[PDB]
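S.K.: coords please:
(chains A, B, C and D, ligands or ions: 3)
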Amino acid sequence: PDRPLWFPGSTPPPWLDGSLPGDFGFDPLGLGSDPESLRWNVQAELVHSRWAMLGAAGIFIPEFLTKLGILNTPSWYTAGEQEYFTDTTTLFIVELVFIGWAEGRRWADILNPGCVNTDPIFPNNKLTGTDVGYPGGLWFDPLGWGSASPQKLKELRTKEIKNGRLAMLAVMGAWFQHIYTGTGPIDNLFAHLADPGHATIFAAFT
Amino acid sequence: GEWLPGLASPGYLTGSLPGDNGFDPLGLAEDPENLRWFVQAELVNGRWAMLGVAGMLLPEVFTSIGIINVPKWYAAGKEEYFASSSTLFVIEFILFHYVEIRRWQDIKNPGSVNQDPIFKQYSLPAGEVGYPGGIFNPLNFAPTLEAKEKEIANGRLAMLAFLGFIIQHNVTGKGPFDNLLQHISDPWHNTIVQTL
Amino acid sequence: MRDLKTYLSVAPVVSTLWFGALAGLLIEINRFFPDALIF
Amino acid sequence: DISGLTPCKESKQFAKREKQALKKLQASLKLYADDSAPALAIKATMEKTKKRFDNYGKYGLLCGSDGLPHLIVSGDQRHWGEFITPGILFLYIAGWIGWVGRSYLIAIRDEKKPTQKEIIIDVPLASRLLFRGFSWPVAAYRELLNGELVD
Ligand SMILES: CC(/C=C/C=C(C)/C=C/[C@@]12O[C@]1(C)C[C@@H](O)CC2(C)C)=C\C=C\C=C(C)\C=C\C=C(C)\C=C\[C@@]12O[C@]1(C)C[C@@H](O)CC2(C)C
Ligand SMILES: CC(/C=C/C=C(C)/C=C/[C@@]12O[C@]1(C)C[C@@H](O)CC2(C)C)=C\C=C\C=C(C)\C=C\C=C(C)\C=C\[C@@]12O[C@]1(C)C[C@@H](O)CC2(C)C
Ligand SMILES: CCCCCCCS[C@@H]1O[C@H](CO)[C@@H](O)[C@H](O)[C@H]1O
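M.R.: Residues are numbered from 1 along each chain as shown, chains lettered A, B, ... in the order given. Ligands and ions are numbered 1, 2, ... in the order given. Structure data below:
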């Protein structure tokens, strides 16, 4: 009810109480006005956040080590168009069945909170996640950091979601930058650090 | 049984049938009589699929290990027999006409067909539709629920396996066991991806 | 938003999207398997 | 062959049509730089053309004295693709559509305002009834025998 907003001096929408991690009253199109839509959008923002964090780390960490003498991995933008031990389509099929399983059980979880907490083979192992989007258990929370006081959960999930936003924007940034400049993101970072006055986006468009 | 945990099983699948895993997303068995006919059809297609698949894979395996030289299933009909395929077809058609009409009458009316029309002395004990028993069960095994759902399980597996055999032969042009061997050879370079 | 979804479910919009999808499908099929007179 | 027709792979006029077509395309192609887009387009038309004629020849089509593919729909087994098969496919799809629509109309028949869901489509309902069409022959066949098809 009392929280900093994205647009100081504005009234947050009725459906955004502030009980949700990352609530800053931003939904000017009302895309989360309906409870079910808001909920589904929460899950979607979660998975988007985590995939984009994994991705941002996955393109910025290696590219930064590649610029040094530590690694020699090729550009993230062209890492897909190359060949591997098997064709990329086989890898894609395996990815589809595995990730298909995981996303399947997660989908069943979103549509029915309880039904997918137990291991079909060994009924001994279960997940200790209370609310959806946070599976827990030994596999997804071995350090037990997933279960704590509502304050700590609020804080941690807010950190998670924020690093998620930053990551999404970062990955999109990487894509568009490699489209425009034609070089790695680190090269862009160093170019901008070298001359922030001219070496920007207008160094190619104007 | 839950084919899709956790999707609610349809109301007409109350688990009072062997093999009930609540799988009927298109609602084909919404009608009771439809469910009966489809149970029978699943049993029959399943059993014929088990027999057929066994007769397709097993002779090929024994040929591979050099036990007996047996021609593959898709090249077995070509002009090798004494009575020719046409006569064989007439015979087959007749005997199957009789047998299948008989079973059909059993499905339409359970207690109506059980005794030998020639030697009326011999008869089949009143059992379940689709599970005749009597002379069909000389070893007197118990038709338990477990055995039934095992039958249906192996039946479904064998049906899918038959579809697999058909498509695989259609694509590769070799036997199913041959395809299996080539898959064992180099798994990551010998799949449906490379064959198409 | 629910009202907007309801509007998107109205007959002419539903028809535009449905026939749009169909047009796209038939176009792509006729691009990949062109000049089909048999099958 | 059938109806006094000659096979397209053996038809002279068929080949002459392909010839004149390709030659027209090339006669138009002469005016453009080989690397330019018009050139690549016309060439694409040429390749598509010869691939078309070759495919028609391969498919076992019969040609008239005009040099054009004529179709055999009598049920002749050498030409089931010329009507029988695509006919079966059509019937399957049309039956699918009709059966799904029927399902939808029946589903909303017992409601407060049925006409509403006829001008504003219940997309969840429609998506639920969408795939039921896949088994339309089986579903309709059973309804036929049951007496749920007509009144
Ligand atoms: C930008 C983005 C979304 C932006 C959406 C915004 C701002 C929407 C805002 C709004 O809706 C709200 C909030 C509220 C509404 O009222 C107002 C509007 C404004 C309408 C998502 C990106 C999301 C981006 C994601 C999820 C990216 C994931 C990337 C991955 C996994 C990359 C993997 C790889 O790069 C590696 C790791 C290594 C390579 O070698 C291989 C590959 C595979 C290429
Ligand atoms: C009977 C059968 C095969 C029998 C094979 C035989 C006799 C083979 C004989 C031979 O090989 C031998 C012996 C020796 C060779 O020398 C000669 C031949 C002749 C070649 C296969 C059935 C095969 C039957 C199959 C594969 C059926 C699959 C059906 C599925 C998956 C349907 C699923 C659904 O309907 C439900 C369940 C619920 C709905 O709501 C949802 C959907 C999804 C629609
Ligand atoms: C692929 C299906 C995606 C889900 C369909 C989204 C719109 S669902 C939509 O909801 C409206 C209420 O807001 C109803 O009035 C309308 O009848 C209904 O079709």
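
S.K.: state the distance from the residue of chain A found nearest chain B to residue B:62.
M.R.: Of all residues in chain A, the one sitting closest to chain B is residue A:115 (2.6 Å; C-beta to the nearest C-beta). For every residue, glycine as well, the C-beta is placed using N, CA and C. Relative to residue B:62, residue A:115 is positioned 46 Å away (C-beta to C-beta, to the nearest Å).

S.K.: can you map out the helices along chain D?
M.R.: D:12-29, D:37-58, D:84-107, D:116-119, D:123-130, D:136-146 (DSSP state H).

S.K.: gap between the residue of chain A found nearest ligand 3 and residue A:41?
M.R.: Going by C-beta to the nearest ligand atom, ligand 3 is nearest to residue A:34 of chain A, at 7.8 Å. Relative to residue A:41, residue A:34 is positioned 10 Å away (C-beta to C-beta).

S.K.: centre-most residue in chain D?
M.R.: residue D:86 (6.5 Å; C-alpha atoms, centre = their mean).

S.K.: wait, doesn't that residue sit right on residue C:39?
M.R.: Yes: at 5.9 Å, residue D:86 counts as touching residue C:39 under the criterion of C-beta atoms under 8 Å.

S.K.: quick one: which helix or strand includes the closest residue to residue B:37 other than its chain neighbours?
M.R.: Spatial nearest neighbour of residue B:37, chain neighbours left out: residue B:107 (7.4 Å); criterion: C-beta to C-beta, 6 or more residues apart in numbering or on different chains. Per DSSP states H and E: residue B:107 is located in helix B:85-108.

S.K.: list the buried residues for the helix or strand following that helix?
M.R.: Reading on from helix B:85-108 to the C-terminus, the next helix or strand found by DSSP H and E is helix B:145-172. Buried residues in helix B:145-172, defined by neighbour count with 16 or more other C-beta atoms under 10 Å in any protein chain shown: B:148-149, B:151-152, B:154-156, B:158-159, B:161-162, B:165, B:168-169, B:172.

S.K.: repeat that for stretch A:129-145.
M.R.: Using 16+ other C-beta under 10 Å as the test for burial, stretch A:129-145 gives A:129, A:132-136, A:141.

S.K.: and those, which is closest to residue D:116?
M.R.: Residue D:116 lies nearest to residue A:132 out of the buried residues of stretch A:129-145, by C-beta to C-beta, at 33.6 Å.

S.K.: in what helix or strand does the closest one lie?
M.R.: Per DSSP H and E, there is no helix or strand for residue A:132.

S.K.: surely it meets residue A:110?
M.R.: Yes: the pair residue A:132 / residue A:110 is scored as a contact, 5.9 Å apart, by C-beta under 8 Å.

S.K.: residues shared between the contacts of the two?
M.R.: residue A:43 (C-beta atoms under 8 Å, 6 or more residues apart in numbering or on different chains).

S.K.: mind checking the SS state of the closest residue to residue A:131 other than its chain neighbours?
M.R.: Spatial nearest neighbour of residue A:131, chain neighbours left out: residue A:113 (7.9 Å); criterion: C-beta to C-beta, 6+ apart. Classification of residue A:113 using DSSP: H, G, I helix; E, B strand; the rest coil returns coil.

S.K.: count the residues that sit near residue A:113.
M.R.: Number of residues near residue A:113 (other C-beta atoms under 10 Å in any protein chain shown) recorded here: 14.

S.K.: mind checking how far stretch B:104-112 is from the chain centre?
M.R.: Stretch B:104-112 has its C-alpha centroid displaced from the chain centroid by 21 Å (C-alpha atoms, centre = their mean, to the nearest Å).

S.K.: surely the residue of chain A closest to chain B and residue A:106 touch.
M.R.: No: checked against C-beta under 8 Å, the pair residue A:115 and residue A:106 is beyond contact range at 11.4 Å.

S.K.: ranges for the helices of chain A?
M.R.: All helices of chain A, identified by DSSP H, fall at A:35-66, A:88-111, A:137-140, A:150-180, A:185-194, A:202-205.

S.K.: from the buried residues of stretch A:129-145, which two are the most distant?
M.R.: A:132 and A:141 (14.4 Å).

S.K.: pipe the buried residues of stretch A:129-145 into TSV and attach distance to ligand 3 per row.
M.R.: Below are the buried residues of stretch A:129-145 laid out as TSV (distance: C-beta to the nearest ligand atom, whole Å):
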residue	distance to ligand 3
A:129	27
A:132	20
A:133	21
A:134	26
A:135	26
A:136	30
A:141	33
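
S.K.: those in strands, which ones?
M.R.: Judged by DSSP state E, those include no members of strands.

S.K.: if we can go back for a sec, for the residue nearest to the centre of chain D, give me its contacts.
M.R.: Applying C-beta under 8 Å, 6+ apart, the residues near residue D:86 are C:38-39.

S.K.: how about the residues of chain C by chain A?
M.R.: Within reach of chain A by C-beta under 8 Å from any C-beta of the partner chain, chain C has these residues: C:1-2.

S.K.: scan chain C for its longest helix.
M.R.: helix C:11-32.

S.K.: ok, it near ligand 3 or not?
M.R.: No: legend: contact between helix C:11-32 and ligand 3 by C-beta under 6 Å from any ligand atom is lacking; minimum distance shown is 8.3 Å.

S.K.: so is that helix next to chain B?
M.R.: No: on the criterion C-beta under 8 Å from any C-beta, helix C:11-32 is out of touch with chain B, staying 14.6 Å away.

S.K.: and that helix, which residues are buried?
M.R.: Those would be residue C:14, for helix C:11-32 by 16+ other C-beta under 10 Å.

S.K.: now do it and helix D:123-130, the angle between them.
M.R.: Relative orientation of helix C:11-32 versus helix D:123-130 (axes from the mean of the first three to the mean of the last three C-alpha atoms, to 10 degrees): 40 degrees.

S.K.: export helix C:11-32 to CSV, keeping only CA atoms.
M.R.: Below are the C-alpha coordinates for helix C:11-32, written out as CSV (Å, rounded to 0.1, in the frame of the first residue of the first chain):
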residue,chain,number,x,y,z
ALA,C,11,-17.3,-12.4,-35.3
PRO,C,12,-15.5,-10.1,-37.8
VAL,C,13,-12.3,-10.0,-35.8
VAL,C,14,-12.3,-13.7,-35.2
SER,C,15,-12.9,-14.2,-39.0
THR,C,16,-10.1,-11.8,-39.9
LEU,C,17,-7.6,-13.7,-37.7
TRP,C,18,-8.9,-17.1,-38.6
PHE,C,19,-8.9,-16.5,-42.4
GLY,C,20,-5.6,-14.6,-42.0
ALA,C,21,-4.0,-17.7,-40.4
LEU,C,22,-5.5,-19.9,-43.1
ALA,C,23,-4.3,-17.6,-45.8
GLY,C,24,-0.8,-17.7,-44.3
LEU,C,25,-0.9,-21.5,-44.1
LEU,C,26,-2.1,-22.1,-47.6
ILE,C,27,0.4,-19.6,-48.9
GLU,C,28,3.4,-21.2,-47.2
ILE,C,29,2.2,-24.7,-48.2
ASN,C,30,1.9,-23.5,-51.8
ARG,C,31,5.4,-22.0,-51.5
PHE,C,32,7.0,-25.3,-50.3
